[PDB]
Amino acid sequence: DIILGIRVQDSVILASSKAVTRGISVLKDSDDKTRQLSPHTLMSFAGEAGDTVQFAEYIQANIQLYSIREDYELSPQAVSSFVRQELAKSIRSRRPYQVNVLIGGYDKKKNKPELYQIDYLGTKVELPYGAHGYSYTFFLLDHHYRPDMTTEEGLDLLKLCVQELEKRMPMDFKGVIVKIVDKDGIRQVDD
Amino acid sequence: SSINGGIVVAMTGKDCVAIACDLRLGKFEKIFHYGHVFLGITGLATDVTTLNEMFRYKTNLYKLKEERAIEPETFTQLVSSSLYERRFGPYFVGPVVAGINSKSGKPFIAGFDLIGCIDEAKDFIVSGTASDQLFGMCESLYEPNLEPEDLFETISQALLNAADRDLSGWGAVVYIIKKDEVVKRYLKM
Amino acid sequence: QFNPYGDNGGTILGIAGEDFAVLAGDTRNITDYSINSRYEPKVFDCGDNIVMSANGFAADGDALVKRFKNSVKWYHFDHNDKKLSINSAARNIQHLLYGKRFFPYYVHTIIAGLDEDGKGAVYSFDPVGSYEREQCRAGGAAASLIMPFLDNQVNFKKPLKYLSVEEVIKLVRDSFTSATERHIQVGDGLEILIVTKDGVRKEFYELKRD
Amino acid sequence: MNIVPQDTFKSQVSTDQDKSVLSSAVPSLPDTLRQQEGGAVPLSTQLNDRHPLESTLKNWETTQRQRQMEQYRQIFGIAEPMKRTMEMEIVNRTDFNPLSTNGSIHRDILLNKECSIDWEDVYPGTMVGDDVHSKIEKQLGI
Amino acid sequence: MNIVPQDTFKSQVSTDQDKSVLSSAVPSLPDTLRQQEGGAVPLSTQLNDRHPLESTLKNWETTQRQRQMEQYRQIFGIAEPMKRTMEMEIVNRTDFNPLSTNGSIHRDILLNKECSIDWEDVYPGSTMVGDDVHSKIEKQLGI
Amino acid sequence: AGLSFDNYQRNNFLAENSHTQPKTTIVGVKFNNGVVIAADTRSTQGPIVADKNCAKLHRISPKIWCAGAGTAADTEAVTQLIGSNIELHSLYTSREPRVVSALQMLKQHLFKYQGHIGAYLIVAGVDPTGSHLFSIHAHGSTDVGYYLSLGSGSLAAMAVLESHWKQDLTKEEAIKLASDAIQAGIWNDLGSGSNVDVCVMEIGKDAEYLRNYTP
Amino acid sequence: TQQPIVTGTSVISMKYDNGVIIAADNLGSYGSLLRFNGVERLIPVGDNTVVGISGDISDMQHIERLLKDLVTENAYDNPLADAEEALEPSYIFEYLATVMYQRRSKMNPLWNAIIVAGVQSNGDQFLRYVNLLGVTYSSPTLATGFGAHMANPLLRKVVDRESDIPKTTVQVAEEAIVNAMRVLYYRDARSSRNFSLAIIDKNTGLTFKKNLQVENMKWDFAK
Amino acid sequence: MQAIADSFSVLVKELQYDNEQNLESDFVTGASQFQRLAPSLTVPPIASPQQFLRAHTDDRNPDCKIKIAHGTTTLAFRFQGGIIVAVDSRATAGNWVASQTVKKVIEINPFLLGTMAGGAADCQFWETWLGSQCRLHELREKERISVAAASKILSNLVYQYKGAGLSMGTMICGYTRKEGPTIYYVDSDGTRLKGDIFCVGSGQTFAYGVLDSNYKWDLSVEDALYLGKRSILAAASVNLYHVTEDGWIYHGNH
Amino acid sequence: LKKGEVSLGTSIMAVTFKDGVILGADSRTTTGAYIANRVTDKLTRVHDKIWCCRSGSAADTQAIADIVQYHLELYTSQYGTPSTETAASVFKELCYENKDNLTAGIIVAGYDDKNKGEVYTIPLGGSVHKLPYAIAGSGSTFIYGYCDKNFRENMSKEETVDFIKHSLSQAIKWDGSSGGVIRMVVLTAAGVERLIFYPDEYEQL
Amino acid sequence: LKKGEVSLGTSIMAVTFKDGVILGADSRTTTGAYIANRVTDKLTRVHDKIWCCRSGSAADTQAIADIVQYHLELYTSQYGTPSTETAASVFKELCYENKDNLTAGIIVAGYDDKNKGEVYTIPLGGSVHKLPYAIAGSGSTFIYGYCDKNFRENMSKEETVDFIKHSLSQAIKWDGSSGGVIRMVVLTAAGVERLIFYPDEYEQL
Amino acid sequence: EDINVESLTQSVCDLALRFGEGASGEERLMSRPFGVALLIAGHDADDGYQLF
C-alpha cells in the first residue's frame, strides 16, 4: 500500500495503489483505499487489512452524521482533528495496528486547499507533501516543489514520482488511482 | 531435483526374496546390489549416494581380498558397523538388506536404524517416511511361503495400494531374487 | 503451567450397512504405559437408536456424551417425545463441539444409527465440530492398521451393500485381532453395538492380554 | 473470605454479550457506531495483554465488602448481611442524577468512607450518545 | 591430577598458525588448494558450534597418562616420569611407515594396551594434492 | 579415529530447518549356587510391535551374560567391545575371565563418554571366585544387588521379587521367581510381552541358555 | 492449587466376593522432608462408603469439608436419612467427579487422585477412580501413584478378571493388600510404615482399622 | 429482599452451578443453549487465552487435529447473466470411506454459495449461521437480502473475533435484481473485497492466466462453463455451479 | 549435576573417640522417589584402615575413589602405610582440580599409629577441613543441633556407637532419601570392625 | 513470592505443657545477607490469650493477622472469648482461600478454660495440623532431631522454658537468617507472661 | 429440521406469559399482557395440518 499527497495553489492531489492481498488473483475496478468523508474532504489510508477499513468507514459514518445533523460541512482542519482523536482513542486499550492516513480537503470558508497526515500513533502534521509505504521521493519532492504550483504542474510532479517509483516496484504496480479535490469538489483523473 | 524420502519394501518367499522401491518414472533408484546382496535406502538422498559409494568401495575390497562374494549376513554386520562409526553425526537413512545365501540357500532380510541397530525380520521390512499406512497394507497382504509369482503379485499390490492412497508420475522397481536368477521389473501404474 | 489435557489411547470403528449400523471399540483404558483398566466401555447407547463414541481424552468424551444425553432428554420434553433423527443429532453434536472453539474437546467422535429411510448411517466429527456422513470410519490408535484390513476384503465401491450383520461383525473382529497382534495399545477386549430397526444389541469378545 | 479478588477472567464470549449496544439491523452483532470507541476495537483484543494489576484494582472494594458480609453472616447471622445489602440497594436505586457521576453522601456514610479519600475520588474520570435519554433507557431497562 | 581434559580452547588465532600449508606466494596466508578441505572452510568456523564431547574424547588418553606421570613424580621421583617419557619418545621417533597408520607393537606394550581394544583401534580413520610419501617425508624431517 | 563427529553441525542445521532426524522387562536373581538372568522377548519400534521373538540376553563371555535397555545400538556395541576385550584379556592371562574385570571395563568406558553412550545394563556371571550380579548406569556408576530389575516393566518385576525372595534359593525356585517377575512385566506393562528368555549360570557347570522358557 | 506442597502418596483398593478393601498410609510429606505423621487419608462417608485421597493435603481437607457438607445436607430435612434415603457410593462419586472436572475446566484444579469404595444398597460393590483432570475409570483393583505401578500387578494376581471376584474371600484380599503395602514401604521413598485400612462388607458393614504397621520385614540379607 | 436472604443462606458453589451460564451449557434448566441466535464460545479463563490455544493446536493424534479445508484450486467469475463457480473434486483419501462425494462449496441458500479455503469447521459453522441470518433478514424485510449485506454480516462477525484463532477465506457469490451478479471475498483478517474474477487455491496463477486469455463480458452460458472447466483443468473431476437470478444450478462434471 | 545422573542422597557420620574412629552411614539409593537399592554399602575402603563415604555424583565419586586407592597402593609399595592426612590430600587435589566438571564430596576417616585416628571432610568445591566429627548428606541438615549437643571428646567405644546410632536414626526418620540399615566401621589399633543395625533396633530408640 | 518483597526467615517454636502453652521466637529480620532489623518482636497477639507467629511474605501475613484480630473482636462482641480452634480455623480459611496469591504460614498458640492450651500449625498451602508442639521457619530444619529427642508431655513451666531456649539457641547457632534475642510468651490460666533472653545467656548453653 | 407447529405455538405462548413469571423462571419482561390473539396454521410430518 502506497499513498501520496501533494498540495498545490488551488487543489489537493491524492494518489493511491491497489491491494493485492495475499496470493489471490483478483480482477476488479474500484478504489478500496479511499473514502470520501465530505463533498470537499477526501481520505486515503494504508495499513493492516481489516482494521484500517473498519476505522475509515467508522470515520466516514461519523462525518456523514455530522453533515446531516448540522446541514453544514466541517472544515478539513476539524475533520483531521476528529480523525486524530478517534485514532488515538482506538489504541487506548489494545495493541496498536499499522495505519497511515492522508486527509485532503478544500476549505471553502478560507478558499484554500489543505493536506494533513496522521500516523499510527496519532500524530497529525499539516504538510505540503506526503507519502507512506515504499521507502528518495522526499529528496525529489524537496527539489521540485513550489507553494504556488498549478494543478498541471502538480500532476506532472506526481507523474515523475510515479515513474521513479515504478522502476523499483516488482513490475506488479498496476494503475495508480489519482483523485483531485478542489473548489468544484472531488474528481478522478482518468490517466 | 527433489528426491528425498521414498519407500522400500522387502519380503521373503519360499526360496526367494522380493525387494521393491518407489520411483519418479520420468535415473535415481534407491536399490543397489553388490553381487547377490541387495540394499535399499530411504531418506536423505546425499546420504543414500554416499552410503552406496562407500559400500561399493568396501565390497570391492572385500572381494579382492577374500576372492569370493560377500554373503547377506556379513554385509548386514558391515552395514551395522559402518552406520555406528558415525555415532554423533549419523546419516539420515533407513537401509534394508535382502538376499539369498549362496551356500545354505536360505533367504535373508533385515532393516536398520540410523546408527546401525539390526532388525532381522522373517516376514517383511518396510522403510519410508510414513511406514504406518503401507505397513498396514503389507501386514494385510503378506502370507508366508509364497512362490516367486505369488510374492511378486503380493508386493506389487502392496506398492500399488500405497500409491493410490495419497500420484502423477509414480513408478516402482521390483526385484525378484532366486538362488540362480534375478528378475528386475518396472511398474508404470 | 497446568496442562488440562491427557491421552487415554483407544480405538473405535464405525460401519454403515444396508439396514443396520455397527460401532465397535476396544475396552482398554491406559495412561501412556500402564493399564488403568481392562474393561472400560467407550461406545454408548444414547436413545432413539443412536450410538455414540468419543475417543481420545476420556474426560472430554465423557463430558460430551453427558451433555448430549441431557440435551436429548430436554428435546423429548419440549417436542412431545419426538424421536431424534441421526442428522439432527449430528447437528447438535456439531454445535456442542464448536461451542468450545477456543478451548476444544480433545476427542474424535463417531455416531451411528439409521436414517429416515431405514438405511445405516455413520457420522464422523473433527475435534471442533466439522462432520460428515461416511460408510466406514476408523479412529484412534491403530486406525492405519484397521482400514487396510477392511479394504482388503470389502469392495466399498463382496460388495458392502449385500453384506449381512454377522459377516460385518466377523470382519470387525478379525481386523481388531490383527491390530491387537501388531499394536501395543490395542487389546484386552472388544465391544460392538449394533443398531437395527429392533434396537441396539451388544456383543463382547475377549482379546489378547486378558 | 477473599483478600485479593479472584475469578476475574471471562469464560464465554459472544457477539451479543453487550446488551446495551446492539445493532438494530442485525440484532446478533454489536453496533460499532454507537459504541464510540474508535471503530476498530474487536472484543477479542480485550481478552489478552492486560495489565496484571488492573483486575485487582477494579474489584478490590467489592471483594473487601464481600469478605465483610461473609464475616457478618458467620458471626451475626443472615439478617445482618441481608439488612446491609438492602440499605445499599435502596440508596443506590433511588439515586438518578444524569448530569453528575459523584456518589451520594448517604452511600459514603453506609460505606464508612465519610472522611476517606482514594484515587477514585481524586480522579473520577461525542458524536453519538452520552445524553440524558441514553441514561434514562439504561436505568429504566426500556 | 586431572581426570576430564582441561584447557582445550585456543587462546589466540592467526592466519599462519598451520605452518604445514602456508602459501608460497603470500607466506602469511594459508594455501587453500593444498589444504584439500573443500575450499570454503575459514579457520574461524572451527571456533564455534562444536560438540561438547569432542574435546574430551580427543584428549582423554593424554590426560590420563599425564595424571599417571604426575603420580609417579609424586611417589617415585623425577626419574620415573623421565624414563617413561624417554622410552615413549624413542619408540615414536624411530618409526616412519608412510604407507601405514597402525601403531607399533612396542608402543602398545609400553602403553599397557597389549590386549585392549577401543573404538580408535576399530575405526582407524581421492585427493589431487598432498597424498604422497614426499609430504610425509617433509613433515617428518622438517624440510 | 574412533566415533566420528562429522556432520554434527549439518544435522543440527537440518533439525533447525524442520528435518526430522529418524529415531522391556529384565531381571537378575542370585540363588545359593549361581545366578539367573531373564528377559522379555518383545521388540517395538514405538507403539508398533516390530518383533514378537527378540533375543535380549547377550553373552559377554561363556559364563558372563548381560541384558540392556536404553539406546539399543549403544548397548549392543558396548557389550560386543567389552566381550572382545574380555576374550583378549583371558587369552593373555590364560585364565577364566572374572565378572569384576568386565565391570571395571564397562564402568571406565561409560565414564569416559560422560553419559553420552546410553547403555543401562544388568550383568550376571560366574567365575572361579563365585557368582556375581551387577547393575551398570550410563554415566558410569555401578551397583551390586542380590536381585535387580531393569526396563519399563521394572517396577512390577521388582514388586514380584520383593514378594517372593529369600536368602537360600534353589535353582528351580530362582528360575520360577525370575520367570514370574518377567510375566508380571509382560502382563502389566505395555512395553513387555510375548515370551520369556532365561539364562542360568551355576558354579562349576556350563551356562544353560533357555530361549522361550515360557511362551 | 497450582503446585502441591504437603502431599500423601498412595491408596490401594480391591474387590472381593462380598465387599471392598481400601488402604492408605499416614504421612504428609513436605518435599523430601517427612514432616507430618498422623494424617488420616481414608474418609468414611456414612456406613457404606470410604474415600481415599492422595496428593495435596490442603485440597484433601477441602474435599473432606465438601463430603461433610454433603452428609449434613442429606439429613436436611429427610427423617429417613439413616433409612433408604442414605447416600450411596455412586452419588458421592458422581458429585466428586463433577467437581473435579469442573475445576479442571476452570484452570484451578484440585491436585488429588481419589478412589471411592463401597457397597450399594442392593449389595453390589462400587470401586471408582477420578483424578485432577477429571479422568474416571473402574476396575476390580485400583491404585494411585507408585501403587499403580507396584501394588496393582500384585493384586491383579489375585483378582485378574470379573469372574475371579466370587472366588476371592476377605482373608485373601486383606493379605494381598497388606503385602502390597509392605512392598510400597520397601520401594517408595515418600512412604510411611504406619497405615490405615477399611473393609466394607455387605453383611458385617464397615470395619475401620487404624495404627496398622508393616511387619515381618526382611533385612538380614545384608551380606 | 428475600432474594438477598437466599444469597446469604447456606456444594453448588464448587459445581459452579450458581452461575446461569453453567446451568444453561449443561442443559440443566432446559434447551436454551440451542436457542441462541448468536452462539456462545468458551474461552480459557486465563491471562493469555490466545497463546494457550495456539500452543495446544500445534501439538499428536491425527484424528484429534483440527481439520483443514483442501487447498485445492477454486475459481469464480461473472460473465453476462450469472456466476460460474468451479472447483476440482479430487478428494483426498484417508482412514475412511465416503458414503457419497464431498463438496468443496457450501450451499448457504438456494441463491447463495460459498467456498471453504481454510478451516473446515469455521467455514461450515459460520456459513450455516450466515444462512440463518439471511433467512431472518428476508423474513423481516419481505425481500431477498443483497449480497453486499450478507458479505458485510460475515465480515463483521469474523472481525469481532479477529486474532482469536479462526481461519477462513470464503467467496460469497450471488445474483440479485438490483445489484446484478456479485462476488465478494471475505477473510478471517476482516478483509472484504468485491471483484469480478477470483482464483484461490494451490495453483491459481495458471487458471487466472487462462481466464484472462479468453475472458469477455459477452460469454454465453455454455462458453462460460467450458472456460471455467478448462481453467480448472489447466490449474490441475470438476464441479461446476451456474448462479442466475433464480438460484444456482449444479453440474457434476460438465 | 548432569541430567539423568545418579545422585547420592545419603546420611554420613564420622566420629573420633578415645581409641580411634567410627564411620557410619545409611543404605538407601534413590532415583527421585523410587528406591533403586534398599541395601547399598556406602562405606568405601581406600586402604586397610582408611575408609571414606561419598556424596554428589555417584560416577564421579567412584572414579575418584578408584584413583585414590590406586594412588595409595603405589604409595604403600614405596613407603608403607600412608597417613590419613595423605589420603585426604590426594582426595582434595582430585576434587579441587576437577571441580568444574565433577561434583564430589568426601568424608575420610582413618587410623594410624602416629595420629591415632582422624576425620577429614571435603565438601563440594574441594576445600578440606579436619574435624573431631563430621556429618554430611541430605539428612545431616536435620541433626546439626542434636550432634552439637551430644558430642564429647574421648568417649568410649559404646558411647560413640550409641551417639552415631541415635543421630543416624533421627536423620533416617526425617529425611526421605535415607533408608533402612545403619552400617558402621570401627578403626582402632586392634583392627577393622564392621557393625550393622536394623530398623527394628534403632527405630525404637 | 514476588520479587523485591520481604520474607520471614525465622525460627518459631510452640510447646504445650502441664499448665498451658509457650510460644517462642528469635528477633532477626534480614533482607538478603543484611540484617534489616536486629530487634524484632515476632510474637503477634490476635486475642488476649491467643498469639501467633508468621512465616512467608511479611505483608501477606500482616494483612491476614489484622483481619483475624478484627474477626475475633467481632466474635468476642457477640459470643465472648473464642477458642484456639476457632482462631485456627479463621487463619486456615484466610490462608487457603488466597493461597494462589499470598504466601503465608502461621503457628497459633492459645489457652482457654475448656481445652487448656493448644498449638496449631498452618504451613504453606493452607492445611491445618494440631500438634503437641510445633517448629517452623528456615532455622527449624536444624532442630528436627533434637526436639524429637527432648520433648515430653506435661512438662513443668521451667522444663518447657529450658527446652525452648536450648532448641532456639541451636537454631540460631546454625541458621544465618536467625539471631538476636529469644522472646517467649507463656499463656496459662494465671495470665500472660513475657520473657526475653540475651545472646550472652543462651550461647553458653 | 422444521420445528413442529405446536412447539412454535408453545414458544409464542411462553413469550405471552412474560407479564408475570416466565416458564423457565425468568423475571418479568413487560408491564401488561398482550392485546392480540393469534391463529397459527401449519403442517408437519408428525401431526399433519394443524390450526392453533
# chains A, B, ... in the order shown; residues from 1 in each chain; ligands from 1
>>> closest_atom_pairs(of="chain D", to="chain G", cutoff="12 Å", atoms="only C-alpha atoms", output="Markdown table")
| residue | atom | partner | partner_atom | distance |
| --- | --- | --- | --- | --- |
| D:6 | CA | G:108 | CA | 11.1 |
| D:7 | CA | G:106 | CA | 9.2 |
| D:8 | CA | G:106 | CA | 11.6 |
| D:9 | CA | G:106 | CA | 10.1 |
| D:10 | CA | G:106 | CA | 10.6 |
| D:11 | CA | G:106 | CA | 8.5 |
| D:12 | CA | G:106 | CA | 11.8 |
>>> select_by_dssp(residues="chain I", states="strand (DSSP E or B)", output="PyMOL selection string")
chain I and resi 7-8+11-17+20-25+29-30+34-37+44-47+50-57+104-110+118-122+129-131+133-137+175+182-187+192-197
>>> residues_around(residues="stretch 64-73 of chain J", least_positions_apart="4", cutoff="10 Å", atoms="only C-alpha atoms", output="number ranges by chain")
D: 1, 3, 67-68, 71-72, 74-75; J: 44-47, 50, 52-54, 58-60, 77-83, 86-88, 90-91, 94-95, 102, 104, 106
>>> residues_around(residues="residue J:100", least_positions_apart="6", cutoff="10 Å", atoms="only C-alpha atoms", output="VMD selection string")
(chain D and resid 4 6) or (chain G and resid 1 to 3 108) or (chain J and resid 125)
>>> closest_residue(among="K:9, K:38, K:24, K:50", to="residue H:31", atoms="only C-alpha atoms")
K:24
